[PDB]
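Participant: Here it is, the structure, as structure tokens.
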Amino acid sequence: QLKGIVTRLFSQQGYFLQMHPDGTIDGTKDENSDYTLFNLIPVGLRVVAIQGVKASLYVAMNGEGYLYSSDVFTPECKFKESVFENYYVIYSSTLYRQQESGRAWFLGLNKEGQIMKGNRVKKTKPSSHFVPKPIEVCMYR
Amino acid sequence: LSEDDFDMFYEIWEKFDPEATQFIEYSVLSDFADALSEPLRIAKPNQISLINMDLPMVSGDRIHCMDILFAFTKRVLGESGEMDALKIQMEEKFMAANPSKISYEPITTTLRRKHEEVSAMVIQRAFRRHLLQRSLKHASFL
Amino acid sequence: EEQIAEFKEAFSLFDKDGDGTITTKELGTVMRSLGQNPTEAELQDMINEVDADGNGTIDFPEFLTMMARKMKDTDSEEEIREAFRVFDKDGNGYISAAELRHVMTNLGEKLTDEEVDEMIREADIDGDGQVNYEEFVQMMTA
Ligand SMILES: [Ca+2]
Ligand SMILES: [Ca+2]
Ligand SMILES: [Ca+2]
Ligand SMILES: [Ca+2]
């Protein structure tokens with residue numbers, strides 16, 4: 001039904017994004033961490049769901065801005081993808097904004113390959129910036 | 001802007017998308033950007049204008065009508081403001097107007113990187129040719 | 001033509017033993033004479049795709065075919081000026097040597113340090129750190 005892609009997400013901070021079986025998500029310098037492969041599924045117009053292939057775990061985002069690992073598909077698994085300066089890709093939350101300022105909460109890593117909270121990751125910061133290194137295109141249900 | 005520009009837009013679109021695949025190849029974008037009528041048109045050389053626009057590309061190197069339209073229009077609308085709310089509204093209108101669901105594909109890479117890469121390949125190739133030329137020149141004597 | 005004479009000169013720089021034939025080893029010494037560092041695998045590839053005889057060697061005609069594939073311009077129109085314009089951020093006709101070096105080493109068919117160094121020695125004549133890319137294009141397509 002859905003036409004998505006399989007890919008590795010390379011943080012501009014210098015790491016491959018890694019979804020470990022235990023649900024722990026981080027950044028690694030390992031090329032062949034098979035936990036670094038992901039399913040990008042267009043669940044809408046410029047809205048994507050991300051899945052850690054090795055653990056089949058959806059990279060969901062709960063009520064606190066934490067990217068926990070989820071099996072069930074919740075609308076919290078929805079991410080508004082958007083380009084920054086026509087050079088970097090960023091996935092924001094469909095639920096989260098600095099409800100006053102409207103500044104959304106993005107997926108982001110610090111300089112140490114560690115995951116950051118949603119509200120601490122700025123769109124303009126290298127934390128939120130990712131480059132998709134794709135593998136192949138795939139059909140999904 | 002007026003409805004005439006949007007109808008014109010869909011009109012050119014049907015030309016560039018005779019199968020209504022809701023996508024065009026990036027190589028032709030420039031041409032398309034030059035093909036429109038004022039003020040939406042971006043006359044060649046338009047490449048820089050196209051490169052400064054937030055323009056997502058799905059695989060493989062294909063771009064969607066909604067993004068192109070939103071960008072070309074926003075270039076005229078400037079920052080917003082009410083035009084962004086109207087942008088979202090018209091985006092929803094376009095979504096509803098669109099048949100089927102398969103045309104929804106996720107972002108892969110973007111413009112700049114493509115054109116930069118092509119540029120680099122060009123320069124490298126030429127440079128190589130001239131290295132060859134210089135070597136043969138070294139050969140001639142003697 | 002002067003063309004084939006330059007080819008005779010090239011074959012002349014190439015044949016040390018003058019056997020009428022180029023070996024993988026000789027390919028090696030030449031590629032290295034250009035500033036490349038090919039692997040034996042890469043050389044055997046460079047041969048296998050161009051060998052008609054599969055004699056492990058290159059005669060005058062095969063040399064012609066290979067040099068023809070290299071010298072032919074594919075994405076080159078002399079409007080490689082455009083390619084440079086892609087990287088000329090402010091469009092002043094100048095690119096800082098640093099930026100150029102970074103771009104050439106990190107993008108596309110990346111150049112070796114030797115290649116980049118020579119390119120930069122050729123492109124920054126006054127050594128002011130700014131590069132007049134148009135003059136470089138004239139020089140390059142001479
Ligand atoms: Ca020989
Ligand atoms: Ca032969
Ligand atoms: Ca410049
Ligand atoms: Ca200079």
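Each chain in the structure tokens gets a letter, A, B, ..., in the order shown, and its residues are numbered from 1; ligands are numbered from 1 in order too.
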Using only C-alpha atoms and all ligand atoms, what are the residues with an atom within 12 Å of ligand 2, set out as a PyMOL selection string?
Facilitator: chain C and resi 19-24+47-66
Participant: Let me have all residues with an atom within 10 Å of ligand 4, counting only C-alpha atoms and all ligand atoms, laid out as a PyMOL selection string.
Facilitator: chain C and resi 94-97+120-133
Participant: Let's have the selection written as a PDB file, in the first residue's frame, with N, CA and C atoms.
Facilitator:
```
ATOM      1  N   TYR C  94      34.696  35.049  -7.865  1.00  0.00           N
ATOM      2  CA  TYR C  94      35.824  34.563  -7.086  1.00  0.00           C
ATOM      3  C   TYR C  94      35.374  33.513  -6.086  1.00  0.00           C
ATOM      4  N   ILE C  95      36.186  32.473  -5.935  1.00  0.00           N
ATOM      5  CA  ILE C  95      35.990  31.489  -4.877  1.00  0.00           C
ATOM      6  C   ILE C  95      37.235  31.339  -4.017  1.00  0.00           C
ATOM      7  N   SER C  96      37.080  31.451  -2.702  1.00  0.00           N
ATOM      8  CA  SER C  96      38.221  31.290  -1.812  1.00  0.00           C
ATOM      9  C   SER C  96      38.859  29.908  -1.990  1.00  0.00           C
ATOM     10  N   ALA C  97      40.185  29.876  -2.066  1.00  0.00           N
ATOM     11  CA  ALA C  97      40.929  28.650  -2.360  1.00  0.00           C
ATOM     12  C   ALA C  97      40.634  27.514  -1.378  1.00  0.00           C
ATOM     13  N   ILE C 120      45.184  24.013  -7.355  1.00  0.00           N
ATOM     14  CA  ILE C 120      45.209  25.260  -6.609  1.00  0.00           C
ATOM     15  C   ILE C 120      46.404  26.141  -6.968  1.00  0.00           C
ATOM     16  N   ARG C 121      47.531  25.513  -7.291  1.00  0.00           N
ATOM     17  CA  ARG C 121      48.695  26.267  -7.743  1.00  0.00           C
ATOM     18  C   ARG C 121      48.433  26.884  -9.107  1.00  0.00           C
ATOM     19  N   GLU C 122      47.662  26.172  -9.919  1.00  0.00           N
ATOM     20  CA  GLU C 122      47.262  26.666 -11.227  1.00  0.00           C
ATOM     21  C   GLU C 122      46.163  27.735 -11.179  1.00  0.00           C
ATOM     22  N   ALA C 123      45.268  27.635 -10.199  1.00  0.00           N
ATOM     23  CA  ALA C 123      44.101  28.522 -10.129  1.00  0.00           C
ATOM     24  C   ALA C 123      44.292  29.830  -9.356  1.00  0.00           C
ATOM     25  N   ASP C 124      45.184  29.825  -8.373  1.00  0.00           N
ATOM     26  CA  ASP C 124      45.451  31.025  -7.589  1.00  0.00           C
ATOM     27  C   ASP C 124      46.787  31.619  -7.985  1.00  0.00           C
ATOM     28  N   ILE C 125      46.774  32.378  -9.072  1.00  0.00           N
ATOM     29  CA  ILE C 125      48.000  32.898  -9.652  1.00  0.00           C
ATOM     30  C   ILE C 125      48.661  33.932  -8.745  1.00  0.00           C
ATOM     31  N   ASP C 126      47.879  34.878  -8.232  1.00  0.00           N
ATOM     32  CA  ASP C 126      48.446  35.899  -7.357  1.00  0.00           C
ATOM     33  C   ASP C 126      48.567  35.450  -5.903  1.00  0.00           C
ATOM     34  N   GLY C 127      48.031  34.270  -5.609  1.00  0.00           N
ATOM     35  CA  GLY C 127      48.105  33.703  -4.276  1.00  0.00           C
ATOM     36  C   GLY C 127      47.450  34.585  -3.228  1.00  0.00           C
ATOM     37  N   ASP C 128      46.382  35.283  -3.603  1.00  0.00           N
ATOM     38  CA  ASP C 128      45.674  36.136  -2.650  1.00  0.00           C
ATOM     39  C   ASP C 128      44.585  35.410  -1.863  1.00  0.00           C
ATOM     40  N   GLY C 129      44.339  34.157  -2.226  1.00  0.00           N
ATOM     41  CA  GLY C 129      43.353  33.343  -1.544  1.00  0.00           C
ATOM     42  C   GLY C 129      42.007  33.387  -2.240  1.00  0.00           C
ATOM     43  N   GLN C 130      41.897  34.234  -3.259  1.00  0.00           N
ATOM     44  CA  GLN C 130      40.678  34.320  -4.052  1.00  0.00           C
ATOM     45  C   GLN C 130      40.939  33.773  -5.447  1.00  0.00           C
ATOM     46  N   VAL C 131      39.970  33.044  -5.986  1.00  0.00           N
ATOM     47  CA  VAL C 131      40.155  32.389  -7.274  1.00  0.00           C
ATOM     48  C   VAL C 131      39.193  32.887  -8.350  1.00  0.00           C
ATOM     49  N   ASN C 132      39.749  33.506  -9.387  1.00  0.00           N
ATOM     50  CA  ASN C 132      38.985  33.953 -10.549  1.00  0.00           C
ATOM     51  C   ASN C 132      38.671  32.749 -11.426  1.00  0.00           C
ATOM     52  N   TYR C 133      37.514  32.140 -11.195  1.00  0.00           N
ATOM     53  CA  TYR C 133      37.179  30.875 -11.839  1.00  0.00           C
ATOM     54  C   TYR C 133      36.994  30.955 -13.352  1.00  0.00           C
TER      55      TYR C 133
END
```
Participant: Please give me, as a PDB file with N, CA and C atoms, in the first residue's frame, the residues lying within 6 Å of ligand 3 when counting only C-alpha atoms and all ligand atoms.
Facilitator:
```
ATOM      1  N   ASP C  88      30.050  29.392  -6.284  1.00  0.00           N
ATOM      2  CA  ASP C  88      30.304  30.813  -6.035  1.00  0.00           C
ATOM      3  C   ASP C  88      29.154  31.434  -5.247  1.00  0.00           C
ATOM      4  N   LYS C  89      29.290  31.412  -3.926  1.00  0.00           N
ATOM      5  CA  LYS C  89      28.212  31.771  -3.008  1.00  0.00           C
ATOM      6  C   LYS C  89      27.663  33.184  -3.171  1.00  0.00           C
ATOM      7  N   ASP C  90      28.561  34.137  -3.409  1.00  0.00           N
ATOM      8  CA  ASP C  90      28.140  35.518  -3.610  1.00  0.00           C
ATOM      9  C   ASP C  90      28.217  36.004  -5.056  1.00  0.00           C
ATOM     10  N   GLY C  91      28.606  35.115  -5.966  1.00  0.00           N
ATOM     11  CA  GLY C  91      28.599  35.417  -7.386  1.00  0.00           C
ATOM     12  C   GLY C  91      29.539  36.537  -7.800  1.00  0.00           C
ATOM     13  N   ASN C  92      30.662  36.697  -7.108  1.00  0.00           N
ATOM     14  CA  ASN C  92      31.581  37.775  -7.458  1.00  0.00           C
ATOM     15  C   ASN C  92      32.644  37.390  -8.473  1.00  0.00           C
ATOM     16  N   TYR C  94      34.696  35.049  -7.865  1.00  0.00           N
ATOM     17  CA  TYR C  94      35.824  34.563  -7.086  1.00  0.00           C
ATOM     18  C   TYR C  94      35.374  33.513  -6.086  1.00  0.00           C
ATOM     19  N   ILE C  95      36.186  32.473  -5.935  1.00  0.00           N
ATOM     20  CA  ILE C  95      35.990  31.489  -4.877  1.00  0.00           C
ATOM     21  C   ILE C  95      37.235  31.339  -4.017  1.00  0.00           C
TER      22      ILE C  95
END
```
Participant: Ranking B:74, B:93, B:44, B:64 by minimum distance to residue 20 (chain B) and counting only C-alpha atoms, which one comes first?
Facilitator: B:64
Participant: Between B:107, B:66, B:102, B:50, single out the one closest to residue 132 (chain A), counting only C-alpha atoms.
Facilitator: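 Selected residue with least distance to residue 132 (chain A): B:107.
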Participant: Taking only C-alpha atoms into account, find every residue of chain B that has an atom no more than 12 Å from chain A, and write it out as a count of residues only.
Facilitator: 42
Participant: At a cut-off of 12 Å, which residues of chain B touch chain C? Count only C-alpha atoms and give the answer as number ranges by chain.
Facilitator: B: 44-52, 111-142
Participant: Give me, as a tab-separated table (two decimals) with N, CA, C and O atoms, in the first residue's frame, all polymer residues having an atom no more than 10 Å from residue 37 (chain A), counting only C-alpha atoms and skipping those fewer than 2 positions away in the same chain.
Facilitator:
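The result, written out as out-v6.tsv:
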```tsv
chain	number	residue	atom	x	y	z
A	6	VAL	N	14.07	2.03	2.93
A	6	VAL	CA	14.93	1.54	3.99
A	6	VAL	C	16.24	2.32	3.94
A	6	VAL	O	16.79	2.50	2.86
A	7	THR	N	16.73	2.79	5.08
A	7	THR	CA	17.89	3.67	5.07
A	7	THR	C	18.66	3.71	6.39
A	7	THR	O	18.17	3.30	7.43
A	8	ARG	N	19.89	4.24	6.32
A	8	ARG	CA	20.65	4.56	7.52
A	8	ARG	C	20.59	6.06	7.75
A	8	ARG	O	20.76	6.84	6.82
A	9	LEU	N	20.37	6.48	8.99
A	9	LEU	CA	20.32	7.91	9.30
A	9	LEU	C	21.63	8.38	9.91
A	9	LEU	O	21.99	7.98	11.02
A	16	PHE	N	26.08	7.24	13.15
A	16	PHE	CA	24.95	6.52	12.59
A	16	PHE	C	23.95	6.28	13.72
A	16	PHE	O	24.32	5.81	14.80
A	17	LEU	N	22.69	6.62	13.47
A	17	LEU	CA	21.65	6.39	14.45
A	17	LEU	C	21.46	4.89	14.66
A	17	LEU	O	21.45	4.13	13.70
A	18	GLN	N	21.32	4.47	15.92
A	18	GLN	CA	21.26	3.05	16.24
A	18	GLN	C	20.13	2.70	17.19
A	18	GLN	O	20.07	3.18	18.32
A	19	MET	N	19.22	1.85	16.71
A	19	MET	CA	18.13	1.31	17.53
A	19	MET	C	18.50	-0.09	18.01
A	19	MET	O	18.40	-1.08	17.28
A	32	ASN	N	28.60	-1.19	10.36
A	32	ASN	CA	27.77	-2.37	10.20
A	32	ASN	C	26.89	-2.73	11.40
A	32	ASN	O	26.46	-3.87	11.53
A	33	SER	N	26.61	-1.76	12.27
A	33	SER	CA	25.60	-1.99	13.29
A	33	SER	C	24.29	-2.13	12.55
A	33	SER	O	23.75	-1.15	12.04
A	34	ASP	N	23.78	-3.35	12.47
A	34	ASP	CA	22.54	-3.62	11.76
A	34	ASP	C	21.37	-2.98	12.49
A	34	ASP	O	20.25	-2.91	11.98
A	35	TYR	N	21.64	-2.50	13.70
A	35	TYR	CA	20.68	-1.70	14.45
A	35	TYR	C	20.61	-0.28	13.88
A	35	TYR	O	19.78	0.51	14.30
A	39	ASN	N	13.32	1.78	8.77
A	39	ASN	CA	12.20	1.85	7.84
A	39	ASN	C	11.51	3.20	7.92
A	39	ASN	O	10.92	3.55	8.95
A	40	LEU	N	11.60	3.96	6.83
A	40	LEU	CA	10.91	5.24	6.70
A	40	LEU	C	9.62	5.06	5.91
A	40	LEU	O	9.65	4.70	4.73
A	51	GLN	N	11.23	3.06	11.83
A	51	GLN	CA	11.28	1.77	12.51
A	51	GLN	C	12.67	1.15	12.56
A	51	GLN	O	13.32	0.99	11.53
A	52	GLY	N	13.13	0.79	13.75
A	52	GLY	CA	14.39	0.08	13.90
A	52	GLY	C	14.23	-1.35	13.41
A	52	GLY	O	13.51	-2.14	14.02
A	53	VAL	N	14.90	-1.68	12.31
A	53	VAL	CA	14.65	-2.95	11.64
A	53	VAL	C	15.00	-4.17	12.49
A	53	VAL	O	14.27	-5.16	12.49
A	54	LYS	N	16.12	-4.10	13.21
A	54	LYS	CA	16.63	-5.24	13.94
A	54	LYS	C	15.68	-5.63	15.06
A	54	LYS	O	15.49	-6.81	15.35
A	133	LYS	N	21.15	8.19	4.31
A	133	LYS	CA	21.89	7.37	3.37
A	133	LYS	C	21.06	6.12	3.07
A	133	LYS	O	21.11	5.14	3.83
A	134	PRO	N	20.28	6.16	1.98
A	134	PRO	CA	19.29	5.13	1.66
A	134	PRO	C	19.91	3.83	1.17
A	134	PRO	O	21.06	3.80	0.73
A	135	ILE	N	19.12	2.77	1.24
A	135	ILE	CA	19.54	1.46	0.76
A	135	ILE	C	18.67	1.05	-0.43
A	135	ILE	O	19.16	0.92	-1.55
```
Participant: Report as an MDAnalysis selection string all protein, DNA and RNA residues lying within 12 Å of residue 32 (chain C), evaluated on only C-alpha atoms, omitting residues in the same chain fewer than 3 positions from it.
Facilitator: (chainID B and resid 135) or (chainID C and resid 25:29 35:39 43 112 114:115)
Participant: Show which residues sit within 12 Å of residue 15 (chain A), as number ranges by chain. Count only C-alpha atoms, and ignore same-chain residues fewer than 5 positions away.
Facilitator: A: 8-10, 25-31, 33, 36, 108-115, 126-127, 129-132
Participant: Store the residues picked out above in a file with N, CA and C atoms, as an mmCIF file, in the first residue's frame.
Facilitator:
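Contents of the output file result-v9.cif:
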```cif
data_model
loop_
_atom_site.group_PDB
_atom_site.id
_atom_site.type_symbol
_atom_site.label_atom_id
_atom_site.label_comp_id
_atom_site.auth_asym_id
_atom_site.auth_seq_id
_atom_site.Cartn_x
_atom_site.Cartn_y
_atom_site.Cartn_z
ATOM 1 N N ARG A 8 19.885 4.235 6.322
ATOM 2 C CA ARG A 8 20.650 4.560 7.522
ATOM 3 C C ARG A 8 20.594 6.065 7.752
ATOM 4 N N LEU A 9 20.365 6.481 8.990
ATOM 5 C CA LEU A 9 20.321 7.906 9.299
ATOM 6 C C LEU A 9 21.627 8.382 9.911
ATOM 7 N N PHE A 10 22.336 9.245 9.191
ATOM 8 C CA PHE A 10 23.609 9.751 9.690
ATOM 9 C C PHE A 10 23.456 11.133 10.306
ATOM 10 N N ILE A 25 18.364 3.778 22.067
ATOM 11 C CA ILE A 25 18.697 4.459 20.824
ATOM 12 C C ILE A 25 19.863 5.420 21.024
ATOM 13 N N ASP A 26 20.850 5.353 20.136
ATOM 14 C CA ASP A 26 22.028 6.202 20.285
ATOM 15 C C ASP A 26 22.692 6.522 18.954
ATOM 16 N N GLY A 27 23.940 6.968 19.025
ATOM 17 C CA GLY A 27 24.734 7.220 17.840
ATOM 18 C C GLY A 27 26.019 6.427 17.912
ATOM 19 N N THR A 28 26.394 5.804 16.805
ATOM 20 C CA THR A 28 27.557 4.935 16.807
ATOM 21 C C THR A 28 28.467 5.210 15.622
ATOM 22 N N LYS A 29 29.737 4.853 15.767
ATOM 23 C CA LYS A 29 30.696 5.004 14.683
ATOM 24 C C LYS A 29 30.809 3.705 13.895
ATOM 25 N N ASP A 30 30.048 2.697 14.307
ATOM 26 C CA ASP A 30 30.062 1.404 13.635
ATOM 27 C C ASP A 30 29.264 1.457 12.338
ATOM 28 N N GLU A 31 29.911 1.109 11.231
ATOM 29 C CA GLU A 31 29.243 1.102 9.938
ATOM 30 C C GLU A 31 28.215 -0.014 9.875
ATOM 31 N N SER A 33 26.614 -1.764 12.272
ATOM 32 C CA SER A 33 25.603 -1.991 13.293
ATOM 33 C C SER A 33 24.286 -2.128 12.553
ATOM 34 N N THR A 36 21.484 0.025 12.916
ATOM 35 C CA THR A 36 21.526 1.359 12.309
ATOM 36 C C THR A 36 20.672 1.474 11.061
ATOM 37 N N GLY A 108 17.148 14.658 17.957
ATOM 38 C CA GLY A 108 18.480 15.228 17.973
ATOM 39 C C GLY A 108 19.473 14.505 18.855
ATOM 40 N N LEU A 109 20.742 14.572 18.469
ATOM 41 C CA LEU A 109 21.817 13.971 19.245
ATOM 42 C C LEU A 109 22.829 15.035 19.634
ATOM 43 N N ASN A 110 23.440 14.878 20.802
ATOM 44 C CA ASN A 110 24.500 15.786 21.218
ATOM 45 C C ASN A 110 25.827 15.430 20.554
ATOM 46 N N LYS A 111 26.891 16.110 20.960
ATOM 47 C CA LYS A 111 28.199 15.914 20.345
ATOM 48 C C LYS A 111 28.843 14.584 20.743
ATOM 49 N N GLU A 112 28.241 13.895 21.707
ATOM 50 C CA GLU A 112 28.816 12.662 22.235
ATOM 51 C C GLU A 112 28.086 11.414 21.745
ATOM 52 N N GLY A 113 27.215 11.584 20.758
ATOM 53 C CA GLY A 113 26.462 10.468 20.218
ATOM 54 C C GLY A 113 25.391 9.987 21.176
ATOM 55 N N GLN A 114 24.896 10.901 22.002
ATOM 56 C CA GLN A 114 23.836 10.584 22.947
ATOM 57 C C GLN A 114 22.555 11.329 22.589
ATOM 58 N N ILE A 115 21.415 10.694 22.845
ATOM 59 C CA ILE A 115 20.115 11.271 22.511
ATOM 60 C C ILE A 115 19.762 12.455 23.414
ATOM 61 N N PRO A 126 23.037 21.561 14.953
ATOM 62 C CA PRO A 126 23.535 20.335 14.316
ATOM 63 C C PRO A 126 22.912 19.074 14.899
ATOM 64 N N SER A 127 22.330 19.198 16.086
ATOM 65 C CA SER A 127 21.667 18.082 16.742
ATOM 66 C C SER A 127 20.523 17.548 15.886
ATOM 67 N N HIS A 129 19.996 17.946 12.744
ATOM 68 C CA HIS A 129 20.337 17.721 11.343
ATOM 69 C C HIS A 129 20.765 16.287 11.056
ATOM 70 N N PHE A 130 20.096 15.673 10.086
ATOM 71 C CA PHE A 130 20.386 14.301 9.693
ATOM 72 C C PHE A 130 20.461 14.167 8.180
ATOM 73 N N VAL A 131 21.304 13.249 7.721
ATOM 74 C CA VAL A 131 21.385 12.922 6.307
ATOM 75 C C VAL A 131 21.019 11.459 6.100
ATOM 76 N N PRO A 132 19.953 11.214 5.327
ATOM 77 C CA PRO A 132 19.529 9.857 4.986
ATOM 78 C C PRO A 132 20.448 9.250 3.938
#
```
Participant: What separation in Å, quoted to one decimal, exists between CA of residue 72 (chain A) and CA of residue 57 (chain A)?
Facilitator: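 Answer for the CA of residue 72 (chain A) to CA of residue 57 (chain A) separation: 8.5 Å.
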Participant: Write down as a PyMOL selection string the residues of region 21-137 of chain A whose backbone DSSP state falls under helix (DSSP H, G or I).
Facilitator: chain A and resi 34-36+75-77+118-120
Participant: Next, write the just-selected residues to a file, as a CSV table (one decimal), in the first residue's frame, keeping C-alpha atoms as the atom set.
Facilitator:
```csv
chain,number,residue,atom,x,y,z
A,34,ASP,CA,22.5,-3.6,11.8
A,35,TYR,CA,20.7,-1.7,14.4
A,36,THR,CA,21.5,1.4,12.3
A,75,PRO,CA,-0.2,8.5,16.5
A,76,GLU,CA,2.8,9.5,18.7
A,77,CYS,CA,4.9,7.7,16.1
A,118,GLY,CA,12.9,17.0,22.4
A,119,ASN,CA,12.7,20.6,23.7
A,120,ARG,CA,16.5,20.9,23.9
```
Participant: As an exercise, work out the distance from CA of residue 92 (chain A) to CA of residue 29 (chain B) in Å and give it to one decimal place.
Facilitator: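 Atom-to-atom, CA of residue 92 (chain A) to CA of residue 29 (chain B), that is 27.7 Å.
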Participant: Please report, as number ranges by chain, each residue of chain A to which DSSP assigns strand (DSSP E) when run on this structure's backbone.
Facilitator: A: 2-11, 15-19, 25-28, 37-44, 47-52, 57-59, 69-70, 79-84, 88-97, 104-106, 130-140
